[PDB]
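Here is the file structure.cif (mmCIF, C-alpha atoms).
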data_target
loop_
_atom_site.group_PDB
_atom_site.id
_atom_site.type_symbol
_atom_site.label_atom_id
_atom_site.label_comp_id
_atom_site.auth_asym_id
_atom_site.auth_seq_id
_atom_site.Cartn_x
_atom_site.Cartn_y
_atom_site.Cartn_z
ATOM 1 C CA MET A 1 -0.215 -11.809 11.097
ATOM 2 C CA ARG A 2 -1.654 -8.774 9.432
ATOM 3 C CA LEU A 3 -1.114 -5.887 7.086
ATOM 4 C CA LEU A 4 0.002 -2.911 9.201
ATOM 5 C CA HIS A 5 0.382 -0.067 6.764
ATOM 6 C CA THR A 6 1.461 1.182 3.412
ATOM 7 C CA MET A 7 4.106 3.896 3.504
ATOM 8 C CA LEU A 8 4.217 6.643 0.934
ATOM 9 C CA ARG A 9 6.629 9.598 0.817
ATOM 10 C CA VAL A 10 4.905 12.976 0.464
ATOM 11 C CA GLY A 11 6.163 16.399 -0.577
ATOM 12 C CA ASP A 12 4.157 18.310 2.024
ATOM 13 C CA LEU A 13 3.107 16.641 5.264
ATOM 14 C CA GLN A 14 0.207 18.842 6.254
ATOM 15 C CA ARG A 15 -0.962 18.989 2.687
ATOM 16 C CA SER A 16 -1.292 15.198 2.709
ATOM 17 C CA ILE A 17 -2.728 15.027 6.156
ATOM 18 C CA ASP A 18 -5.435 17.447 5.134
ATOM 19 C CA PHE A 19 -6.360 15.439 2.068
ATOM 20 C CA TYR A 20 -6.550 12.073 3.760
ATOM 21 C CA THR A 21 -8.479 13.417 6.750
ATOM 22 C CA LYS A 22 -10.639 16.265 5.498
ATOM 23 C CA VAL A 23 -11.318 14.882 2.019
ATOM 24 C CA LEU A 24 -11.103 11.100 2.407
ATOM 25 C CA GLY A 25 -12.557 10.991 5.914
ATOM 26 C CA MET A 26 -9.635 9.318 7.646
ATOM 27 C CA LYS A 27 -8.388 10.381 11.040
ATOM 28 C CA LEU A 28 -4.912 11.430 12.088
ATOM 29 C CA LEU A 29 -3.869 8.564 14.280
ATOM 30 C CA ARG A 30 -0.461 9.745 15.224
ATOM 31 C CA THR A 31 2.589 11.690 14.215
ATOM 32 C CA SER A 32 6.252 11.675 15.016
ATOM 33 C CA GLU A 33 9.490 13.408 14.154
ATOM 34 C CA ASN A 34 13.021 12.065 13.884
ATOM 35 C CA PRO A 35 15.847 14.547 14.053
ATOM 36 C CA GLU A 36 18.655 12.077 13.465
ATOM 37 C CA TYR A 37 17.257 10.974 10.154
ATOM 38 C CA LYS A 38 15.413 14.183 9.467
ATOM 39 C CA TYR A 39 11.892 13.116 8.789
ATOM 40 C CA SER A 40 8.392 13.384 10.152
ATOM 41 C CA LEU A 41 5.604 10.813 9.994
ATOM 42 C CA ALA A 42 1.862 10.878 10.001
ATOM 43 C CA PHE A 43 -0.372 7.840 10.270
ATOM 44 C CA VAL A 44 -3.855 8.146 8.823
ATOM 45 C CA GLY A 45 -6.620 5.556 8.722
ATOM 46 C CA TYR A 46 -10.265 4.631 9.163
ATOM 47 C CA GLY A 47 -9.537 2.861 12.424
ATOM 48 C CA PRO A 48 -6.815 2.434 15.020
ATOM 49 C CA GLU A 49 -3.514 0.838 13.999
ATOM 50 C CA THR A 50 -4.260 -2.016 16.365
ATOM 51 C CA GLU A 51 -7.394 -2.732 14.428
ATOM 52 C CA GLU A 52 -6.727 -1.903 10.836
ATOM 53 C CA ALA A 53 -4.188 -1.282 8.159
ATOM 54 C CA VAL A 54 -3.391 2.379 7.698
ATOM 55 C CA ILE A 55 -1.339 4.698 5.608
ATOM 56 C CA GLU A 56 2.002 6.042 6.727
ATOM 57 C CA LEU A 57 2.833 9.424 5.267
ATOM 58 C CA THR A 58 6.511 10.204 5.310
ATOM 59 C CA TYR A 59 7.950 13.689 5.040
ATOM 60 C CA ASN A 60 11.672 14.014 4.588
ATOM 61 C CA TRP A 61 12.766 17.407 5.751
ATOM 62 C CA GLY A 62 13.342 19.709 2.759
ATOM 63 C CA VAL A 63 12.261 17.141 0.172
ATOM 64 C CA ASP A 64 9.155 18.221 -1.661
ATOM 65 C CA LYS A 65 9.276 15.974 -4.693
ATOM 66 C CA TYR A 66 9.832 12.320 -5.628
ATOM 67 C CA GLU A 67 9.713 10.110 -8.704
ATOM 68 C CA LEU A 68 6.461 8.125 -8.695
ATOM 69 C CA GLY A 69 7.837 5.483 -11.062
ATOM 70 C CA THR A 70 5.821 2.798 -12.861
ATOM 71 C CA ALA A 71 5.905 -0.078 -10.374
ATOM 72 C CA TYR A 72 3.635 1.203 -7.618
ATOM 73 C CA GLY A 73 -0.019 0.871 -8.481
ATOM 74 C CA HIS A 74 -2.412 2.411 -5.988
ATOM 75 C CA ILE A 75 -4.389 2.072 -2.826
ATOM 76 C CA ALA A 76 -8.079 1.211 -3.030
ATOM 77 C CA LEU A 77 -10.641 2.459 -0.580
ATOM 78 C CA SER A 78 -14.301 1.782 -0.145
ATOM 79 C CA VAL A 79 -16.730 4.647 -0.367
ATOM 80 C CA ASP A 80 -20.440 5.120 0.212
ATOM 81 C CA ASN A 81 -20.778 7.342 -2.812
ATOM 82 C CA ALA A 82 -18.088 7.427 -5.479
ATOM 83 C CA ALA A 83 -19.610 10.281 -7.452
ATOM 84 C CA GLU A 84 -19.736 12.523 -4.391
ATOM 85 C CA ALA A 85 -16.236 11.602 -3.333
ATOM 86 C CA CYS A 86 -14.964 12.383 -6.787
ATOM 87 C CA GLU A 87 -16.483 15.810 -6.597
ATOM 88 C CA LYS A 88 -15.066 16.488 -3.148
ATOM 89 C CA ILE A 89 -11.626 15.293 -4.225
ATOM 90 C CA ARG A 90 -11.443 17.313 -7.432
ATOM 91 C CA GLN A 91 -12.233 20.484 -5.480
ATOM 92 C CA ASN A 92 -9.879 19.816 -2.629
ATOM 93 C CA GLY A 93 -6.311 19.296 -3.835
ATOM 94 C CA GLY A 94 -6.900 16.068 -5.763
ATOM 95 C CA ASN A 95 -7.534 15.020 -9.340
ATOM 96 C CA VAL A 96 -10.104 12.703 -10.947
ATOM 97 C CA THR A 97 -8.600 10.450 -13.638
ATOM 98 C CA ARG A 98 -11.415 7.935 -14.040
ATOM 99 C CA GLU A 99 -14.938 9.228 -13.485
ATOM 100 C CA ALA A 100 -17.244 7.229 -11.241
ATOM 101 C CA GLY A 101 -18.984 4.460 -13.118
ATOM 102 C CA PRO A 102 -19.518 0.737 -13.255
ATOM 103 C CA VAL A 103 -16.670 -1.411 -14.271
ATOM 104 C CA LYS A 104 -16.971 -2.839 -17.743
ATOM 105 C CA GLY A 105 -18.688 -6.221 -17.524
ATOM 106 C CA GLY A 106 -19.713 -5.461 -13.948
ATOM 107 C CA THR A 107 -22.088 -3.414 -11.837
ATOM 108 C CA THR A 108 -19.596 -2.395 -9.213
ATOM 109 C CA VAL A 109 -19.090 1.351 -9.198
ATOM 110 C CA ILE A 110 -15.512 2.561 -9.213
ATOM 111 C CA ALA A 111 -13.338 5.598 -9.835
ATOM 112 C CA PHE A 112 -9.690 6.561 -9.965
ATOM 113 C CA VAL A 113 -8.283 9.766 -8.549
ATOM 114 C CA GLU A 114 -4.934 11.160 -7.536
ATOM 115 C CA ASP A 115 -3.864 12.632 -4.217
ATOM 116 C CA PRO A 116 -1.908 15.896 -3.895
ATOM 117 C CA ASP A 117 1.322 14.069 -4.659
ATOM 118 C CA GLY A 118 -0.016 12.292 -7.722
ATOM 119 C CA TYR A 119 -0.504 8.958 -5.972
ATOM 120 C CA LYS A 120 -3.303 6.969 -7.530
ATOM 121 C CA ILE A 121 -6.262 6.007 -5.435
ATOM 122 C CA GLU A 122 -9.077 3.692 -6.398
ATOM 123 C CA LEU A 123 -12.530 4.281 -4.978
ATOM 124 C CA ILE A 124 -14.792 1.232 -4.850
ATOM 125 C CA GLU A 125 -18.429 1.846 -4.089
ATOM 126 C CA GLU A 126 -20.099 -0.211 -1.373
ATOM 127 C CA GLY A 134 -34.666 2.746 -6.137
ATOM 128 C CA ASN A 135 -32.934 6.014 -6.947
ATOM 129 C CA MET B 1 -15.054 3.381 4.607
ATOM 130 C CA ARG B 2 -12.055 1.181 4.758
ATOM 131 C CA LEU B 3 -8.687 0.452 3.223
ATOM 132 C CA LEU B 4 -9.212 -2.387 0.763
ATOM 133 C CA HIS B 5 -5.825 -3.068 -0.749
ATOM 134 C CA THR B 6 -2.537 -1.798 -2.025
ATOM 135 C CA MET B 7 -1.791 -2.633 -5.674
ATOM 136 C CA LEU B 8 1.754 -3.426 -6.814
ATOM 137 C CA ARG B 9 2.911 -4.315 -10.308
ATOM 138 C CA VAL B 10 5.055 -7.454 -10.521
ATOM 139 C CA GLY B 11 7.265 -8.980 -13.185
ATOM 140 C CA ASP B 12 6.219 -12.582 -12.483
ATOM 141 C CA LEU B 13 2.834 -13.387 -10.991
ATOM 142 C CA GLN B 14 3.460 -16.855 -9.727
ATOM 143 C CA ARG B 15 6.826 -15.906 -8.355
ATOM 144 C CA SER B 16 5.117 -13.168 -6.367
ATOM 145 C CA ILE B 17 2.268 -15.387 -5.250
ATOM 146 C CA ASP B 18 4.780 -17.938 -4.083
ATOM 147 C CA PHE B 19 6.645 -15.356 -2.045
ATOM 148 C CA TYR B 20 3.685 -13.784 -0.282
ATOM 149 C CA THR B 21 2.073 -17.122 0.453
ATOM 150 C CA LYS B 22 4.841 -19.684 1.083
ATOM 151 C CA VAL B 23 7.369 -17.242 2.531
ATOM 152 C CA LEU B 24 5.166 -14.591 4.196
ATOM 153 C CA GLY B 25 2.340 -16.853 5.251
ATOM 154 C CA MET B 26 -0.323 -15.120 3.258
ATOM 155 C CA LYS B 27 -3.111 -16.919 1.469
ATOM 156 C CA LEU B 28 -4.147 -16.701 -2.165
ATOM 157 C CA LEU B 29 -7.523 -15.102 -1.898
ATOM 158 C CA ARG B 30 -8.380 -14.934 -5.528
ATOM 159 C CA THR B 31 -7.110 -14.427 -9.034
ATOM 160 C CA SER B 32 -8.376 -13.168 -12.314
ATOM 161 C CA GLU B 33 -7.330 -12.735 -15.898
ATOM 162 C CA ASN B 34 -8.057 -10.045 -18.401
ATOM 163 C CA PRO B 35 -7.491 -11.258 -21.926
ATOM 164 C CA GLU B 36 -8.711 -8.024 -23.438
ATOM 165 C CA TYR B 37 -6.072 -5.891 -21.723
ATOM 166 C CA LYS B 38 -3.492 -8.626 -21.277
ATOM 167 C CA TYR B 39 -2.977 -8.776 -17.553
ATOM 168 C CA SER B 40 -3.471 -11.108 -14.607
ATOM 169 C CA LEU B 41 -4.373 -10.252 -11.028
ATOM 170 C CA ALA B 42 -3.806 -11.919 -7.732
ATOM 171 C CA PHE B 43 -4.996 -10.909 -4.298
ATOM 172 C CA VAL B 44 -3.054 -12.105 -1.281
ATOM 173 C CA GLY B 45 -3.626 -11.454 2.401
ATOM 174 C CA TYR B 46 -3.973 -12.770 5.922
ATOM 175 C CA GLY B 47 -7.766 -12.830 6.029
ATOM 176 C CA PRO B 48 -10.869 -12.262 3.892
ATOM 177 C CA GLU B 49 -11.090 -9.119 1.821
ATOM 178 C CA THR B 50 -14.394 -8.358 3.485
ATOM 179 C CA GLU B 51 -12.685 -7.866 6.821
ATOM 180 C CA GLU B 52 -9.237 -6.535 6.045
ATOM 181 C CA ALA B 53 -6.828 -4.842 3.679
ATOM 182 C CA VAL B 54 -4.877 -7.104 1.340
ATOM 183 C CA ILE B 55 -2.313 -6.830 -1.426
ATOM 184 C CA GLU B 56 -3.214 -6.832 -5.112
ATOM 185 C CA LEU B 57 -0.495 -8.136 -7.444
ATOM 186 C CA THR B 58 -0.683 -7.169 -11.057
ATOM 187 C CA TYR B 59 1.099 -8.887 -13.886
ATOM 188 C CA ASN B 60 1.004 -7.352 -17.324
ATOM 189 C CA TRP B 61 1.630 -9.978 -19.932
ATOM 190 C CA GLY B 62 5.157 -9.751 -21.271
ATOM 191 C CA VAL B 63 6.231 -7.092 -18.792
ATOM 192 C CA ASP B 64 8.848 -8.354 -16.410
ATOM 193 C CA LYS B 65 10.336 -5.154 -15.080
ATOM 194 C CA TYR B 66 9.215 -1.734 -13.820
ATOM 195 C CA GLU B 67 10.745 1.467 -12.524
ATOM 196 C CA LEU B 68 10.453 1.533 -8.728
ATOM 197 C CA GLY B 69 10.790 5.266 -8.373
ATOM 198 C CA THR B 70 11.497 7.091 -5.158
ATOM 199 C CA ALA B 71 8.005 7.900 -3.957
ATOM 200 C CA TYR B 72 6.643 4.527 -2.856
ATOM 201 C CA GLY B 73 7.914 3.497 0.556
ATOM 202 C CA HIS B 74 6.911 0.034 1.607
ATOM 203 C CA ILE B 75 4.366 -2.191 3.245
ATOM 204 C CA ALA B 76 4.714 -3.138 6.871
ATOM 205 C CA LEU B 77 3.421 -6.473 8.124
ATOM 206 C CA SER B 78 3.244 -7.968 11.568
ATOM 207 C CA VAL B 79 5.400 -11.086 12.001
ATOM 208 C CA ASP B 80 5.196 -13.993 14.415
ATOM 209 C CA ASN B 81 8.921 -14.434 14.470
ATOM 210 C CA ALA B 82 11.067 -11.769 12.844
ATOM 211 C CA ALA B 83 14.338 -13.637 13.066
ATOM 212 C CA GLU B 84 12.773 -16.785 11.676
ATOM 213 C CA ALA B 85 11.068 -14.872 8.893
ATOM 214 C CA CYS B 86 14.347 -13.297 7.860
ATOM 215 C CA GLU B 87 15.918 -16.713 7.496
ATOM 216 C CA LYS B 88 13.046 -18.080 5.482
ATOM 217 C CA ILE B 89 13.143 -15.062 3.270
ATOM 218 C CA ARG B 90 16.905 -15.206 3.038
ATOM 219 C CA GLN B 91 16.762 -18.649 1.574
ATOM 220 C CA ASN B 92 13.659 -18.190 -0.494
ATOM 221 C CA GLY B 93 14.199 -15.620 -3.246
ATOM 222 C CA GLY B 94 14.396 -12.551 -0.956
ATOM 223 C CA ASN B 95 16.955 -10.093 0.408
ATOM 224 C CA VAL B 96 17.330 -9.051 4.025
ATOM 225 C CA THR B 97 18.152 -5.347 4.075
ATOM 226 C CA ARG B 98 17.862 -4.989 7.844
ATOM 227 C CA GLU B 99 18.440 -7.990 10.056
ATOM 228 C CA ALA B 100 15.892 -8.637 12.780
ATOM 229 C CA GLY B 101 16.584 -6.625 15.885
ATOM 230 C CA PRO B 102 15.111 -4.152 18.306
ATOM 231 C CA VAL B 103 14.147 -0.859 16.802
ATOM 232 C CA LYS B 104 16.327 2.192 17.467
ATOM 233 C CA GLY B 105 15.320 3.689 20.808
ATOM 234 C CA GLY B 106 12.961 0.786 21.539
ATOM 235 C CA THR B 107 12.598 -2.937 22.111
ATOM 236 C CA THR B 108 10.149 -3.874 19.408
ATOM 237 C CA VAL B 109 11.881 -6.243 17.020
ATOM 238 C CA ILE B 110 11.766 -5.253 13.409
ATOM 239 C CA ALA B 111 13.388 -6.069 10.105
ATOM 240 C CA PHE B 112 13.438 -5.017 6.502
ATOM 241 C CA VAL B 113 13.372 -7.161 3.395
ATOM 242 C CA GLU B 114 12.688 -7.081 -0.287
ATOM 243 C CA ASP B 115 10.261 -9.142 -2.302
ATOM 244 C CA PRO B 116 11.199 -10.763 -5.600
ATOM 245 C CA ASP B 117 10.580 -7.557 -7.514
ATOM 246 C CA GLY B 118 12.588 -5.389 -5.115
ATOM 247 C CA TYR B 119 9.658 -3.982 -3.159
ATOM 248 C CA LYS B 120 10.547 -3.121 0.366
ATOM 249 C CA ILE B 121 8.760 -4.813 3.227
ATOM 250 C CA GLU B 122 8.929 -3.968 6.880
ATOM 251 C CA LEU B 123 8.422 -6.786 9.372
ATOM 252 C CA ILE B 124 7.258 -5.896 12.844
ATOM 253 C CA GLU B 125 7.143 -8.414 15.655
ATOM 254 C CA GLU B 126 3.898 -7.443 17.339
ATOM 255 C CA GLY B 134 -11.209 -4.511 23.102
ATOM 256 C CA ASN B 135 -9.428 -7.757 24.061
#
Written form, structure tokens:
Amino acid sequence: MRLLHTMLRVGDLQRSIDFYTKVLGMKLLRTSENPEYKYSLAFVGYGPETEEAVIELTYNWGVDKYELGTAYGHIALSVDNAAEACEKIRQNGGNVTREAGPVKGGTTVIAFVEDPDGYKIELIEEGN
Amino acid sequence: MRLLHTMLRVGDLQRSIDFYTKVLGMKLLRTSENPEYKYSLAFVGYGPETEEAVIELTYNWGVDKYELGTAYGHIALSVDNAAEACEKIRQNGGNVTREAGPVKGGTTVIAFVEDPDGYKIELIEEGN
């Protein structure tokens, strides 16, 4: 068995697609639209659905806002360079909440940012 | 780059661990405690963190309830036997919101359930 995807509702489909693909480096794996239930989907990831877990972006026709709540935490992604990513994100529809830096009591470099919908994302970095 | 994990806040750590492991077939990959900030973490998944995305469960000491909100969708997992999983879940602290059956307009068997904290989970009976 395996983790297939994490589904998040977004206020603007293309807006989210752009962020995940152009800013985070994922690829648009597939999209679909359902007239009966009035929604469109976009699957984004760093590999094919058959190979990895991805993110399912759900757009409900005419719904541009949701309540984030306090239960949902975040999604964590690995990055080659957290500082660079942070910069790219802050200038491309996102928001940096926790600047790139080692975790207290550790050496692992991390950062926290938000996507265009406010969803939290954790960046974890993989002799200058 | 890769998807590391999805973090969810839970009202009872062990209860959650029990569900994901004993009911969903996941394994307890690792745990940690943070006395300073008063929280405990647990990582559960189907394989090593190094190779795949997992789930991170967070328990904040003394916090047994959160506000789910309307943004967060769910997590979809592949299942060996959807029907069987529903039963196990049914009689093991969970709720079956969508009985196992072929998807609308398809044949692929799917189901929907809720974990102990109300999180929605989609079960999908799914080079070489």
(message) the PyMOL selection byres ((chain B) within 7 of (chain A)) - which residues does that actually catch in the file I just gave you? List them as JSON, numbers by chain.
(response) {"B": [1, 2, 3, 4, 5, 6, 7, 8, 9, 46, 53, 54, 66, 67, 68, 69, 70, 71, 72, 73, 74, 75, 76, 77, 78, 79, 80]}
Can you report as AutoDock Vina command-line options the centre and edge lengths in Å, to one decimal, of an axis-aligned box around the listed atoms of range 42-55 of chain A padded with 4 Å on each side?
--center_x -4.2 --center_y 4.1 --center_z 11.0 --size_x 20.1 --size_y 21.6 --size_z 18.8
(request) I would like the residues chosen by the PyMOL selection byres ((chain B and resi 29) around 7) on the shown file; could you give them as a PyMOL selection string? (result) chain B and resi 27-28+30+43-45
(request) Would you work out the distance separating CA of residue 16 in chain A from CA of residue 33 in chain A, expressed in Å to one decimal? (result) 15.8 Å
(request) Taking (13.6, -14.4, 9.7) in the file's own coordinates, collect the residues within 12 Å, counting all atoms listed in the file, and hand them back as a PyMOL selection string. (result) chain B and resi 23-24+79-92+94-101+109-113+122-125
(request) After a least-squares superposition of chain A onto chain B, with every Cα atom paired in order, give the RMSD to one decimal place. (result) 3.2 Å
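For the pair CA of residue 116 in chain B and CA of residue 40 in chain B, the separation is 17.2 Å.
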(message) as JSON, numbers by chain, please: the residues near residue 13 in chain B (cut-off 10 Å, all atoms listed in the file, same-chain neighbours under 4 positions excluded).
(response) {"B": [9, 17, 18, 19, 39, 40, 41, 42, 57, 58, 59, 60, 61, 64]}
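Note that CA of residue 62 in chain A and CA of residue 38 in chain A are 8.9 Å apart.
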